[PDB]
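pasting the first chains of the complex, positions unchanged:
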Amino acid sequence: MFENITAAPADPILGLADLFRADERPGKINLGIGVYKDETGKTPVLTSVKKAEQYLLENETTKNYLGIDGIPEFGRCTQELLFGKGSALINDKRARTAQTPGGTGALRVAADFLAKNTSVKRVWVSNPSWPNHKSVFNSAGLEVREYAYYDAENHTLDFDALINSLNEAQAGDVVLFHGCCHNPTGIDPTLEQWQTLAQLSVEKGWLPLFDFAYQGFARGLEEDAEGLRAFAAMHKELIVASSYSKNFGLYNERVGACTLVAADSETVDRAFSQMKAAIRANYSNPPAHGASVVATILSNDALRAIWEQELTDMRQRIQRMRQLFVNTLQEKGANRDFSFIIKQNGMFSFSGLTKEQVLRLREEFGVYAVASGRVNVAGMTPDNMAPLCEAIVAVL
C-alpha cells in the first residue's frame, strides 16, 4: 500500500540542512536556516537557560502529565509578554493560552481549531512568506491565498498594493500577519501602518492571526508587540501563535503558545475548550521541559534580567553583522547597492539574488542561502564575512 507513494520534495529550508551536512568542502558557509550564531559560529545554550535547567534538575520531583494547555504561569507570563501587564485582555480575562510544541505547532492547532468550529475556509498569507504557513494551513482543510507585500524593485513594503489586495478578502476570512521580523524580507510595518490594518480588519470583519516568533529581535520586546497590541485594543477576537525558540535559544525543546482572545470570558472559555480538544487529538499535552525553563526565567527577576541581556546581545550581534555585510560588500566590489539590508529586522535579509545565483553559490562556492535568496545574517561571522562577500560578489 506504500508502493505507490511519491517521494515528497525537499523542504526548501530544512533541505539545505542535509545539503550542507554533506558538502565535504572545507570553508563551507551555511546561511540557510534561521538559528543564531555567536562570533564563533555556535548556537549555544543561553546562560539563564543552563541555570533554569540546574534548578529544575534538583527541584523536580515528577514527570507526570502537564494539562492540555500546559503550565499555567507559562501562559500568564506569555500573555504579559504579548499584551502587557496592565492590559485589559488580561484584566478582563479575554485571553486563553495553550502551551504548544513550537510556534509552528501553535499555528496548526489554531488552524485545526478554526477549520472545525469556525466558518472559515480561507486564510490569507502574504507574498512572499515563510513557506510552511501554506502547508500547515492546507493540512487543516483551509485554503490559502496571497496578499501583496513586498515591493521587490525598491525593497520595501508595498502598502497600496498590500491594502488593495486585502480588500478582496471577505468578512470571516482569517488574515495572517507576522508580529515583527517579516520572514523573509524582514520589512515590517510602522506603527502607523499597523493601526490602519487594525482598523481596516475591524471594518472588513477579517480574523487576524498573528505569527509571533521573534519578539525581541527587532528593536526591543515590548516594542515588537506594538503592532500586535494595536489590533488587540480594537478587535474582539484574535489568535497569536507565539514562539520562544529564538529569543530563548530553545529551538529543540519546542516551546510556543497559542493565545486565543475573544470578546469575553465565557466565550473564550467555551471556544478554548474546543481548542483543547483539537490538541488532545494531536499530541495530547505539551512537552514540559522547555516551558518549565521559560516560566522559571520569566518568573525569577535575577534570571529574567540575565536573559534580557543575553537576548539584547544576540540582537545587536546581528544589527552589527548587517552593516559589516553591506560594508564588506562594497569594499569587496559589488554593484548592487545593498544598503537596504540595514533597513530590515531579525535574522534574515531578502538578498535579491537570483535563484540561479544562489545555486552557483552552493556549488562553485559552498555558500548556502535559501532559494529565495534569503540569507541568515545571524550566521554571518567576522571570520566568514570575507570569503562570503567574495562569493556573493563573484556571482553578480
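Everything's here; your move. Residues are numbered from 1 along each chain as shown, chains lettered A, B, ... in the order given.

tell me where the stretch 201-350 of chain A has strands.
A:207-212, A:238-243, A:256-261, A:348-350 (DSSP state E, counting those that start in this stretch).

next: the stretch 51-200 of chain A.
Secondary structure of the stretch 51-200 of chain A by DSSP E, counting those that start in this stretch: the strands cover A:95-100, A:122-125, A:143-145, A:150-151, A:156-157, A:174-178.

out of those, indicate the one that is most buried.
strand A:95-100 (a mean of 27; mean count of other C-beta atoms under 10 Å). (C-beta placed from N, C-alpha, C; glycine too.)

how big is the angle separating that strand from strand A:238-243?
Here strand A:95-100 points in a direction 30 degrees away from that of strand A:238-243 (axes from the mean of the first three to the mean of the last three C-alpha atoms, to 10 degrees).

wait, residue A:112 touches residue A:142, no?
No - contact between residue A:112 and residue A:142 fails when scored by C-beta atoms under 8 Å: they sit 9.4 Å apart.

re the thing from before, now the strands of the stretch 51-200 of chain A in CSV, with distance to residue A:283?
Below are the strands of the stretch 51-200 of chain A laid out as CSV (distance: least, C-beta to C-beta, whole Å):
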stretch, distance to residue A:283
strand A:95-100, 8
strand A:122-125, 22
strand A:143-145, 23
strand A:150-151, 34
strand A:156-157, 36
strand A:174-178, 22
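
tell me the domain boundaries of chain A?
What the record gives for chain A is the domain set A:11-44+A:316-396, A:45-315, from curated CATH domains.

span of the first one from start to end?
End-to-end span of domain A:11-44+A:316-396 (C-alpha to C-alpha, to the nearest Å): 26 Å.

what's the answer for stretch A:17-31, then?
The first residue of stretch A:17-31 is 10 Å away from its last residue (C-alpha to C-alpha).

and the domains of chain A: which comes nearest residue A:1?
Using C-beta to C-beta as the measure, domain A:45-315 is the one of the domains of chain A that comes nearest residue A:1, at 20.9 Å.

can you list the buried residues in the helix or strand harbouring residue A:50?
According to DSSP states H and E, residue A:50 maps onto helix A:47-59. Under the neighbour-count criterion of 16 or more other C-beta atoms under 10 Å, helix A:47-59 has A:48, A:49, A:51, A:52, A:53, A:55 buried.

list the contacts for the third one?
If I follow you right, that is residue A:51. Contacts were defined as C-beta atoms under 8 Å, 6 or more residues apart in numbering; by that measure residue A:51 touches A:297, A:303, A:306.

what does the fifth one give?
With C-beta under 8 Å, 6+ apart as the criterion, the residues that contact residue A:53 are residue A:293.

can you tell me the closest non-neighbouring residue to residue A:68?
Taking C-beta to C-beta, 6 or more residues apart in numbering as the measure, residue A:68 lies nearest to residue A:276, with 4.4 Å between them; neighbours along the chain are not counted.

shouldn't that neighbour be in contact with residue A:96?
No - shown here, residue A:276 and residue A:96 do not form a contact pair, counting by C-beta under 8 Å, at 9.3 Å.

hmm, back to that, just so I know, which of the strands of the stretch 201-350 of chain A lies nearest residue A:227?
For residue A:227, the closest of the strands of the stretch 201-350 of chain A is strand A:207-212, at 8.3 Å, according to C-beta to C-beta.

the closest one pairs with which strands?
With DSSP bridges as the criterion, the sheet partners recorded for strand A:207-212 are strand A:174-178 (parallel), strand A:238-243 (parallel).

can the ones you listed go into a markdown table with extra columns for distance to residue A:351?
What follows is the strands paired with strand A:207-212, written out as a markdown table (distance: least, C-beta to C-beta, whole Å):
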| stretch | distance to residue A:351 |
| --- | --- |
| strand A:174-178 | 19 |
| strand A:238-243 | 24 |
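
out of those strands, which is closest to residue A:92?
Ranking these by proximity to residue A:92 (C-beta to C-beta) places strand A:238-243 first, at 13.9 Å.

so what touches the closest one?
When contacts are taken as C-beta under 8 Å, 6+ apart, the neighbours of strand A:238-243 outside the stretch itself are A:78, A:81-82, A:102-104, A:106-107, A:110, A:114, A:174, A:179, A:207-215, A:228, A:231-232, A:255-261.

also put chain B in, sequence below:
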Amino acid sequence: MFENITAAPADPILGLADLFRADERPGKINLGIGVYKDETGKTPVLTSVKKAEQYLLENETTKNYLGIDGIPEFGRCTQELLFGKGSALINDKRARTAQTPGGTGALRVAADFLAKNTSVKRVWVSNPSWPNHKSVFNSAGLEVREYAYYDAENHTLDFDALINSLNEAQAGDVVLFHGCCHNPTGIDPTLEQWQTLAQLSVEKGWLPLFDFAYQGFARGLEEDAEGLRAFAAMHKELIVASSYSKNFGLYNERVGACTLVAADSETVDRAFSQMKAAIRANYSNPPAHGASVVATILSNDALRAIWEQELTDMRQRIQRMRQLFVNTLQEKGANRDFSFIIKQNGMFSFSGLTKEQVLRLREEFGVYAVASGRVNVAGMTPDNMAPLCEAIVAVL
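So that you can see how it sits with the rest, here is chain B on the chains above:
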C-alpha cells in the same frame, strides 16, 4: 466569530483529573488517569532519568533543531526495543523511525500520513478501546468502525467475536492492535492467538497499526513485543506508534515514536519522506529532552541496567497491587468475585462496575475511576487499599 462555538465535552479520562483537583474531600482517592504511583503515591522521576538529565546538563552545548524525524540513536534504539537486536527489519533497512511528541502524536502523525498518501478510508479499533483512538483518527479524516474484543461475562477476550467482526473489514483497511496491556480491560492475546491474527491480516490484506505504549509492563520488554513480532515476521508493511511515557516515567516530556516498516528500503524511504512532510506541518520537529534522555539511558549499559531494574520494580508493584485488591475486596465485605483482576496486564483493570456505581463512588466517597469502571491499579497503595475496597463494596 467564536460566539457560536459550542463548548466541548470533558475528556472521559483527562477531565476526571480536573474533577479530582477541585475535589475537597481529604481522604479522596484517584484511580483515574493511567499514571504510575509508588507505595507513598508519587510519580517520581526515575533515578537513571535524573542521572541522564545530569549528564545532559553537563554535556550539552546546544539547543539547535533536531531533524524532522528527531534523534537517530533514539530511533535505532527504539527499533531494537520493538524488533530485536539483529532482526531482519533492521539489517534490511525496511524500517524508519520518527521521534514524535508522545505516543498520541505518533498515532496522529500516522493517521495524517495514511489519510493523505494511501487509499485508507477506515480504521478498525477494538471495543472497548482507549477513547482517543477515535478522536485522533477522525481528525485525520479516517473513519473508525469497531471490532469485538471483550467478552464481559467471563472477562476474557473471545477470539471468535473478534475474528468474526473483523472478517468484515475490507482489504486495505487499517487494523489497530494494542501491543500489550489492552486499554482498558488489560486482556491480551496469547502468542498463538497473535500468530493466527498475523496470518489472517496477511490474507485479508490489512495494514496493521500497533499502539505500543506499555512495553515492559506485562511480562517484559521482549515478551511484550512478541505479537508485534509475529506480525513483523509476516508482514511487508507495518506501522508502530510506540511510547516511552510510562516505562521511563517520562509523561510530560512527550516521548514516543512512529515506526514505518515497508517491503524494502527504497519504498520505506519514499514513504517515510512523506511521513516527514506530514510532521513538518504539525509541529515541525520533535522536542529533544526526553528523547535525549532515553537515548542516553538506552545507550549506556550502566544506566540501562538501572533503568531496567526501576521498570521491573514498577511492573511488580502493580502485580502486587492486583492481588491485594482482590483479597481485600474478597473479604472486606464483597460478594462479586473479582479474581479476574489478576488475569489482566498493565496499569488498569476493567472492574465491570456499573457506570452508576462509578458515580456513587466519586460523589459519595471521593473514589475516582473512569466511567467504563476502568480503575488504575498502579494508583492503589497499601494505605488506600482499605478505604477504597470499602467504597467499592458499599456501592455494589
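
check the buried residues of helix A:47-59 one more time with chain B there.
Residues A:48, A:49, A:51, A:52, A:53, A:55, A:56 are the ones in helix A:47-59 that count as buried (16 or more other C-beta atoms under 10 Å in any protein chain shown).

also near chain B: which of those residues, exactly?
Under the cut-off given by C-beta under 8 Å from any C-beta of the partner chain, chain B has A:49, A:53 from these close to it.

make TSV out of the buried residues of helix A:47-59 and add distance to residue A:147.
Shown next, in TSV, are these (distance: C-beta to C-beta, whole Å):
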residue	distance to residue A:147
A:48	38
A:49	37
A:51	43
A:52	40
A:53	42
A:55	45
A:56	43
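
and the helices in the stretch 251-396 of chain A?
A:265-280, A:289-299, A:301-331, A:357-364, A:385-394 (DSSP state H, counting those that start in this stretch).

can you tell me which of these is packed in deepest?
Most buried of the helices of the stretch 251-396 of chain A by mean neighbour count (mean count of other C-beta atoms under 10 Å in any protein chain shown) is helix A:289-299; its value is a mean of 25.

what angle separates that helix from strand A:95-100?
Between the direction of helix A:289-299 and that of strand A:95-100, the angle (the same axes, to 10 degrees) works out to 130 degrees.

out of everything not next to it in sequence, what's closest to the one residue sitting closest to the centre of chain A?
Averaging the C-alpha coordinates of chain A gives a centre point, and the residue nearest to it by C-alpha atoms, centre = their mean is residue A:213 (3.0 Å). In space, not counting the residues next to it along the chain, residue A:213 is nearest to residue A:243; the distance is 3.8 Å by C-beta to C-beta, 6 or more residues apart in numbering or on different chains.

can you tell me how far the one you found sits from chain B?
Computed as C-beta to the nearest C-beta, to the nearest Å, the residue A:243 to chain B distance reads 10 Å.

just give the number of residues close to that residue.
Neighbourhood size, residue A:243 [other C-beta atoms under 10 Å in any protein chain shown]: 27.

isn't residue A:334 up against residue A:391?
No - the pair residue A:334 and residue A:391 fails to qualify as a contact (C-beta under 8 Å) at a distance of 11.5 Å.

give me the neighbour count for the residue nearest to residue A:41 when sequence neighbours are not counted.
When the adjacent residues along the chain are set aside, residue A:41 lies closest to residue A:381, with 5.0 Å between them (C-beta to C-beta, 6+ apart). Here the number of neighbours of residue A:381 (other C-beta under 10 Å) works out to 18.

what does the stretch 101-250 of chain A have sitting close to chain B?
If contact is defined as C-beta under 8 Å from any C-beta, the residues of the stretch 101-250 of chain A in contact with chain B are A:101-102, A:104-105, A:108, A:112, A:117-119, A:132, A:135-136, A:138-139, A:172, A:207, A:237, A:249-250.

ok, and the closest non-adjacent residue to residue A:265?
residue A:93 (4.7 Å).

does the one you found touch residue A:266 like I think?
No - at 9.6 Å, residue A:93 does not count as touching residue A:266 under the criterion of C-beta under 8 Å.

sorry, back to before: so which of the helices of the stretch 251-396 of chain A gets nearest residue B:346?
Closest among the helices of the stretch 251-396 of chain A, once you apply C-beta to C-beta, is helix A:265-280, at 21.4 Å.

list the contacts of that closest one.
Residues external to helix A:265-280 that are found in contact with it (C-beta atoms under 8 Å, 6 or more residues apart in numbering or on different chains): A:68-69, A:92-96, A:98, A:100, A:109-110, A:112-113, A:116-117, A:258, A:260-262, A:285, B:2-3, B:5-8, B:11, B:14, B:104, B:132, B:135, B:139.

what about it, distance to the chain center?
Once both centres are worked out by C-alpha atoms, centre = their mean, to the nearest Å, helix A:265-280 turns out to sit 24 Å from its chain's centre.

that one vs strand A:238-243, what angle?
40 degrees.

alpha carbons of helix A:265-280, as PDB, please.
C-alpha atoms of helix A:265-280 as PDB (Å, rounded to 0.1, in the frame of the first residue of the first chain):
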ATOM      1  CA  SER A 265     -14.500  35.200  29.400                       C
ATOM      2  CA  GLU A 266     -17.400  32.700  28.900                       C
ATOM      3  CA  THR A 267     -16.900  32.800  25.200                       C
ATOM      4  CA  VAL A 268     -13.200  32.500  25.000                       C
ATOM      5  CA  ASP A 269     -13.800  29.900  27.700                       C
ATOM      6  CA  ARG A 270     -16.300  28.000  25.600                       C
ATOM      7  CA  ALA A 271     -14.100  28.400  22.500                       C
ATOM      8  CA  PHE A 272     -10.900  27.400  24.300                       C
ATOM      9  CA  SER A 273     -12.500  24.200  25.400                       C
ATOM     10  CA  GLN A 274     -12.700  23.300  21.600                       C
ATOM     11  CA  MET A 275      -9.100  24.200  21.100                       C
ATOM     12  CA  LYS A 276      -8.200  21.900  23.900                       C
ATOM     13  CA  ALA A 277      -9.900  19.100  22.200                       C
ATOM     14  CA  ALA A 278      -8.100  19.900  18.900                       C
ATOM     15  CA  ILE A 279      -4.700  19.400  20.800                       C
ATOM     16  CA  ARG A 280      -5.900  16.300  22.600                       C
END
